[PDB]
Amino acid sequence: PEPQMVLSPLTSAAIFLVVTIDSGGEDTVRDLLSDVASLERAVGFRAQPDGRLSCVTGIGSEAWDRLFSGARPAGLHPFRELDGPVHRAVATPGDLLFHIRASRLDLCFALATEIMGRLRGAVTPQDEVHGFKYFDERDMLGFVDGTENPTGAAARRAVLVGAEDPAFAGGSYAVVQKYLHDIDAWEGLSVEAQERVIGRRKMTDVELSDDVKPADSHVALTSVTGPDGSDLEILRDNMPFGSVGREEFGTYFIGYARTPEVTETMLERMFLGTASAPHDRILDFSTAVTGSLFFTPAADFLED
Amino acid sequence: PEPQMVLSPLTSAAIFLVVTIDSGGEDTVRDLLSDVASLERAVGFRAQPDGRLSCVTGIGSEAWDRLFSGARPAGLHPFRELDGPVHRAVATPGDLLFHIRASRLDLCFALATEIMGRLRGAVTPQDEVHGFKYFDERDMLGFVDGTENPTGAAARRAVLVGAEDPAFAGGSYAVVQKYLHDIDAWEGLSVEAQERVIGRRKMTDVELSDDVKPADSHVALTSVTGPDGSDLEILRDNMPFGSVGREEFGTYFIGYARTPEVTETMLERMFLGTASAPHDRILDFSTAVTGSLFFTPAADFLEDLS
Amino acid sequence: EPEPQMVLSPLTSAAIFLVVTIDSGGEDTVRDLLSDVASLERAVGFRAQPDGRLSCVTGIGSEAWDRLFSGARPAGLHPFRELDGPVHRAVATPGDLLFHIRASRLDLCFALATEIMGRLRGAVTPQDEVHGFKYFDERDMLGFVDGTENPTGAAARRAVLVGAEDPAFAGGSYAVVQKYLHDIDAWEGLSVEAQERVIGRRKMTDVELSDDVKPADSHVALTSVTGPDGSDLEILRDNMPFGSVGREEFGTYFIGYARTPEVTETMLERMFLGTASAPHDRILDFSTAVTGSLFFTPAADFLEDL
Amino acid sequence: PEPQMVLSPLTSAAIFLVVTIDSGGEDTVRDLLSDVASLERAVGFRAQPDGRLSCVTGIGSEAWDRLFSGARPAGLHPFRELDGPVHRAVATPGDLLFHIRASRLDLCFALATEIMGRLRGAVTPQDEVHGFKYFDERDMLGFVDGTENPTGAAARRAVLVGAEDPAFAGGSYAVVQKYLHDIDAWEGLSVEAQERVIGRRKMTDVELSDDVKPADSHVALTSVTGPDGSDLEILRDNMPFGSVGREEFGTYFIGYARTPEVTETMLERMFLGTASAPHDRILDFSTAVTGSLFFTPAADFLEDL
Amino acid sequence: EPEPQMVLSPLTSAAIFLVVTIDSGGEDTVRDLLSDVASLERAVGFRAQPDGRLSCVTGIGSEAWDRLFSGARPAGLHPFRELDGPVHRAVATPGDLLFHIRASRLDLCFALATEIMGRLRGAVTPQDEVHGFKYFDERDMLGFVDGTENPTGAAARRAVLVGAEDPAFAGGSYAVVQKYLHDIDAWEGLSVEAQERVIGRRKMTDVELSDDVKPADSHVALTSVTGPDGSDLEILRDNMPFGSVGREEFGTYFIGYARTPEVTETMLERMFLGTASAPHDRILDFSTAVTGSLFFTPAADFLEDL
Amino acid sequence: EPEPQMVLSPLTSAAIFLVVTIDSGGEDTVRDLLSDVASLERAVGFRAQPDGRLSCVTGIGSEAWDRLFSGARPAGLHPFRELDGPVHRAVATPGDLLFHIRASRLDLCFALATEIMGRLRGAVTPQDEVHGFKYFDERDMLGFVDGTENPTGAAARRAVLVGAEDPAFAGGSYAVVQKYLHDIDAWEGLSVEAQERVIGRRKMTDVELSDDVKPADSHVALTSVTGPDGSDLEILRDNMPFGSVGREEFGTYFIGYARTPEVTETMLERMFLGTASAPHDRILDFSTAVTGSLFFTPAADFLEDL
Ligand code: HEM
Ligand code: HEM
Ligand code: HEM
Ligand code: HEM
Ligand code: HEM
């Protein structure tokens, strides 16, 4: 089975499009899904090899039942709201995700235009975010973002559905959350205090030693070990976005994994806390305003 | 006199920020203007040589009178509304323009963040547009955009104030207009009908012959000769922008010239027409929602303030 | 595991196509060169890496094969078959060896071509030499993006490389070449919309026409073939423009690779002889074939071990 | 005065087009000349900044009098044939030159297509050459080619007409010659013997010292001093070309100068020799098969027709 | 199953070679660093991706292996073997750990080397540090292209990575290093043709000399070795120039990776001890070895599992 | 017009600094090389254009000038003046000739240095050789962006090039070099905020600290100098990191160019001897100077006419 381009090369621009399917829009949606790979080639081919254009398409739990009969992916369910003592992860509506990436925003925009052109009248937009990465892979908090992502074979094993759900092998599960940051509060911390929040050095991106790293730092809470002592990993492609005039400074979080359990365990640790940590300290500077879960099928499933 | 970076190399990303100065905000604004070149170097220097970051700062007619106590530039006035039989060019408020360009949007965003950080509490944002160019220099209508801009010495002559206003030599005048397109109506035209609107071939960007090019084409109406028969020229750096969810497809127009009279003559021809043409056909698919005029001083004028 | 030649190359913007016939008594000289051609490719190319992207694919025709080698023949190797349609003809022309040379720059192609022909002088007669160049946005001489639906990755390997069905020749491929000359004056008299109906895709945006509007005699419709089981039958193309402005020669050099020549030959039959619904491929009303040849491109190790 | 792009950045591809103007063709030609800068922008602008497309347009002596009335450039005359004791510099016909340069051959070809499309039925092609430079600035003989070209203000002074002919300021003079090489004979020399022909080291491109450099080497014979003791300089953009099937391996020579007398003095030294040198040794491996001289006007002269 | 270190790297234009010995009592500090070296690589390199191309290959010598680890040894791990030829000598010098650091720029190499040695200060003693740079056309200090006949793709994996013959250490490799200093004055007194007879390839074009003219004591002849079964025995080299103009030091840093040290050692024996037809490799009359060490480079997961 | 050497070079990522002394009897050989150095620069660099950006700036010290030339001397040429502060010392060390070689890659620097030293062998003795590399975001070994406030364009030409004040030497410049070694262990014991107070700029974003927070003994405060007439006195710097990981040597090679040595020397006096408000530059508590030399860099035509 041929996967979608979940494992993409590094890209400096992205568009995230989340829509809901209107009553009676099902047929139009199914037609577009069968064409989205051809649209990706049409927009991208003439800008190769620098364009690096890809589109990953996902389908929500409620939408799946409206579009398809027969088997469901084993782990597909609606995003679960988490109501912590201090911080909340909200659930927001979304039936379809288009995660569009390239080396330039114009290519993302051209593909997004063709997709939405085909769906007009059949869907309602819920969210549209145009992301850009800083030139040294830093996010809006000023930390390098992506460093511990798995690569090569380890990435395939962490991200792609396999023999545990063989009809849907080559798929993946995506969790998205849009975060807005309190930059005034963040810039009031010393650099060393910021390092204790994240769990890595700011300028050099070296992980703090185990003797200094706080238990409520972001890296400590999002490190999870499996039954056998292996690291359970996800693949992230977080993107900054925002608007200077409205004072909106954001991180758009997207995490891919072979089962949603990994990502959801990380989120529970962050928002509900553990015995040793009240919550993830990154959340004292970051508010989640969307939350959705999608299954991203193998490419050949869509081509039918 | 050292000009600001009006004549920039080609860039693929831009931010246009237009603000108004709140009552009592004048001193904070003057301070920022004296530091804006230093901020540009701080954000940009470490991303050289590929970043190509620049900021051009412009000041409106009413803002000028509030900020500075001596001489005014000879051509500085508020944008003049044009009320045509069919189409209107509106005037909208704006005291400061920051025209920020680079090879990537993140550099534009970082400089815009530092600028607005210093101005918080002294200004109110009126417009913010994040622009991106298509990879073959096309605009939202699918035509190459920029081709007949002047270059080298001819660009300097067309854009920079000289001896005619010597205390402001090295400055320029910018007009901005944000345009929204009706893409559904545009895409219902045949390609040949689109070419008759613009005045150039779509795929190859070759200008149509004088025998076929209509009088109400964009290129015909924006071609102006002077008293002496010489071409009057401006320098444009138009940028696409929009939002696919809201069906917003735009062109952000910006034109620089040594005197606003050149730009204003072009706009009069477009909106009010001539003997041979009712109006520029591009306006049947393009609506202006902003309009403002600014003077962009020489860099040393900004540096030497308190 | 048998190592293929570089049939699946990265994108290249320059090519030289060299077709020669083996003179009487030239066989030994040719066999010696074939055993050295991979080493010549490395010699010319290694010092220009990683940007040079130099490769050479070497092919051998049906009649030449019997003169050079004893033992087994590849199952699908035969002379190119002439197709004599009601209006258009696909000619067959002589060729014993093909050198398909590709790089990011023409000079690298030329240096490799010079070393190869230097070794073969006196043993071969040149039949065709074409210097090809791709336009900067992957467009061909007709102004359409060319290569978009080529297969990639595993699907390309499956469509192109001989496997278990002919195990002695696994890792080989079959190449068909045809040099085409265009009537550019007639082509440019069509509207863009009418050109799109010839090809089956939009010209500017390269989006395929919807199934309800795509004509039955468009290029894309006639070259879309399904197998017995309903799977798409695919080939890998690397078509190149060529020409001479002084002689008014504007061309496309067609080269198609496939695991069996049956796929390519079925597409050619549909183009030239037509179907129930289509007289012929409308691209042929603006394109004349003046060469036609078929070659087997062995696995690299087969050439080395002789 | 705005010059044409005689002083171009380094380019790896070129097309040279030489044509003659047919009976009745003058009006069609004048129209094209007034549009050629706009054609260059149309083809090139959308491929910027990597394309680096330019076109330099030249006009021959005879053609000038057919196209324009009034003043002539002071140094414009037909190419002068040189019949040396061993080697000959031929003159061949040419009314118009288009020297098209870019980073890629497809862009050169697209501009050449638009130009010749406009001229069809008014001109006859005499020569068409598609040139490519080797990736380390080498020519067909394997030597770095271009090294001692002038740059900056020294280039402007060597190439552009100034006050000496003020109506034609910003123009230049181009000489072209297509050369075919005997590559078999060249490659039979040792590297050291090839270095003595050129006057520079082959791998490192360091000039041989004056005590070792022979008097009949290419660099010695093309080094010329003026009345004042100053170096007389030209700007060259030589390009390889060829066809492997026809065994055609060439250099297309093009040299620009403020007056043709500089280039002509170099040609006399190469073909007729000096007191100490019979001829340029490069000519024992290089045969000229074309030769033409053109004036390349300032850009505004063409625009104002 | 086993993930190799980045032995098969893309081409890189900068390198740092660091050889150290482990001081008495330094073993625990070293084991801790080895378990973190891949994390340090990501920390320095991720923010310069994708163009940085930073990698570190870590090797362990024979005597150090016994100090660090209990249990199985790699089958081919032994101390470098000194070769005492009639004229030329290959010396053995001390070295417990190798860090072979490569990237597209030297500053990335330097930053990673700084982090590594920061962790090891007080536990190791440096024996050699070389900063290498490539010439722009892949040439070495002798003016010849260097790397041409390296294997690529599948053939490289087969020649370099330990497999089923030593399954506990599958995905590992063996590295031999030698630092060479050249007598450039003697070399530059040769004619080019005499230099070509030393190396066995043409200098400007890098084409191999024919079998009839290539001397038996040329570098290429002596380092071409066939196995019992007739197959070529291959290694992967990434030689780097280095030097200091003021001290007249012009060097080649040799590093050769292979699946077993026997291949590399057979080449070294032929170079230094000769054959029946060749006293020694002529390259050694202009090149003196001043270091010599052998290391095993484990699979990446073996290092992580500490 | 006198043609300057390439003091105002584009940004380069690699450098070699070579300082030598002229041996007794070496004068003639040196004069010959000086007349050829521009020719050697073109020979090494032309074949790597346009990306190579190779340049060489040649300087001559005070004592060497009097050995090589007769007649008039540049007005400000004297030996480097040792500064003996209460805590910190700026040493003077020997040097007759400077070669400041810059390019986009180290191999071009190295090849030109090799040809220069080849011609001078036997006539000079090397005193210092440093191979410099820039970090990818223009940072120095202290982790701060280095070069941000250099002057550019016309302002740089005015700050650097000799003019009418010394008309026989117009187009020349004065270069001061100092090699600094840093105590990185002490430096990394400071917090980031304490480091920012040493330099006078924010570390990550390179924004200058406000005048109300910037200490009087910060690097930026002490190296900001105004003239009697209120003008900023500026120099042009091209500082390069260098080092050796095994010896724990981390350095900055300082080079500053100015139209008169008085500007540079005033900055050095403020740093080493202090002012009324500041004992010394706090950067010197983590930075030791181990060389110090002053050279005059003549106009290019002065060197050619020898
Ligand atoms: C909706 C807004 C606009 C769009 C999409 C647009 C687009 C274009 C295009 C595609 C061209 C042809 C290629 C080129 O030379 O750039 C052009 C030319 C031009 N436009 Fe616009 N334009 C717009 C508004 C304006 C306005 C408001 C002005 C003046 C106030 C203006 C002045 C010009 C000029 C002077 C030219 C060059 C004509 C010549 O000399 O050939 N444009 N524009
Ligand atoms: C004058 C010669 C030719 C020209 C200019 C040409 C041009 C094109 C163009 C523009 C496309 C559409 C974009 C793309 O997918 O590449 C195309 C598609 C294709 N052409 Fe050609 N073509 C030529 C000859 C041939 C010949 C001789 C064959 C087969 C024997 C062939 C087979 C194909 C195929 C299979 C496709 C892909 C159809 C699909 O599956 O969508 N073409 N060609
Ligand atoms: C037959 C084909 C020609 C070839 C292959 C050729 C090749 C070269 C080479 C390799 C160099 C040394 C590098 C350089 O400075 O560019 C050179 C220099 C030069 N060539 Fe040629 N050349 C040819 C024809 C001509 C002609 C016809 C002229 C003058 C009419 C000419 C004038 C020069 C000049 C002036 C130099 C610079 C000499 C100096 O000042 O150092 N060349 N040429
Ligand atoms: C002074 C040290 C060295 C220099 C400057 C040097 C240089 C070269 C050069 C220039 C080539 C030809 C182009 C190529 O294939 O890379 C070559 C090939 C080769 N060298 Fe070296 N070499 C050195 C030492 C060694 C050593 C010590 C070994 C083995 C232990 C070795 C093994 C090889 C091999 C295997 C080849 C490829 C031969 C073939 O199959 O064509 N070299 N070397
Ligand atoms: C000891 C090692 C040195 C280091 C690491 C160093 C580092 C820096 C840094 C990080 C900056 C701020 C960014 C910038 O504008 O460049 C700077 C500025 C400066 N440095 Fe240095 N520097 C050193 C030595 C010197 C010396 C010896 C001088 C002068 C004699 C000097 C003169 C300057 C000047 C003039 C500025 C710009 C001040 C302004 O904003 O106007 N530096 N230096």
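The sequence lines fix the lettering, A, B, ..., with proteins before strands; numbering per chain opens at 1. Order of listing sets the numbers, starting from 1, for every ligand and every atom in it.
Each of the atoms 14 (C), 15 (O), 40 (O) of ligand 5 lies under 4.0 Å from some heavy atom of F/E149. Residue F/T252 approaches ligand 5 through these ligand atoms, each under 4.0 Å from one of its heavy atoms: 5 (C). Shown in contact with F/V145 at under 4.0 Å from a heavy atom are these atoms of ligand 5, numbered in order with element: 10 (C), 13 (C). Here is the list of ligand 1 atoms found below 4.0 Å of a heavy atom in B/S223: 39 (C), 40 (O). Listed by atom number, the atoms of ligand 1 under 4.0 Å from B/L267 heavy atoms are 27 (C), 30 (C). Listed by number with element, the atoms of ligand 5 under 4.0 angstrom from any heavy atom of F/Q178 are 27 (C). Taking every non-hydrogen atom of B/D139 and a distance limit under 4.0 Å, the qualifying atoms of ligand 1 come out as 5 (C), 7 (C), 10 (C).
Taking atom 12 (C) of ligand 2 as the reference point, the nearest protein heavy-atom neighbour is C/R201 CD, 3.6 Å. Protein heavy atom in closest approach to atom 1 (C) of ligand 2: C/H182 CE1, 3.5 Å.
Partners of B/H218 according to the ring-ring contact (aromatic ring centres under 6.0 Å, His included) rule, which considers only residues two or more places apart in sequence or in another chain, do not exist here. Checked against side chain to side chain donor-acceptor pair (under 3.5 Å), C/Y180 has the following partners two or more places apart in sequence or in another chain: C/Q178. Residues meeting the side chain to side chain donor-acceptor pair (under 3.5 Å) test with F/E269, sequence neighbours left out: none.
Contacts between C/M271 and ligand 2 below 4.0 angstrom, taking non-hydrogen atoms only, involve the side chain exclusively.
Ligand 1 has an N or O atom lying under 3.5 Å from an N or O atom of B/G146, backbone or side chain. For a threshold of 3.5 Å applied to N or O pairs, the pair formed by B/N149 and ligand 1 contains no separation below that value.
Note on atom 21 (Fe) of ligand 5: protein N, O or S atoms under 2.8 Å away count 1, no waters included.
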Step by step, work out the side chain to side chain donor-acceptor pair (under 3.5 Å) result for B/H87 and B/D280. CA-CA 9 Å; B/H87 298 295; B/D280 185 339; over 6 Å; no
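For the pair B/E233 and ligand 1, no heavy-atom separation below 4.0 Å is found.
Under 4.0 Å is where a charged nitrogen must lie from a carboxylate oxygen, and between C/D140 and C/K134 no such pair does.
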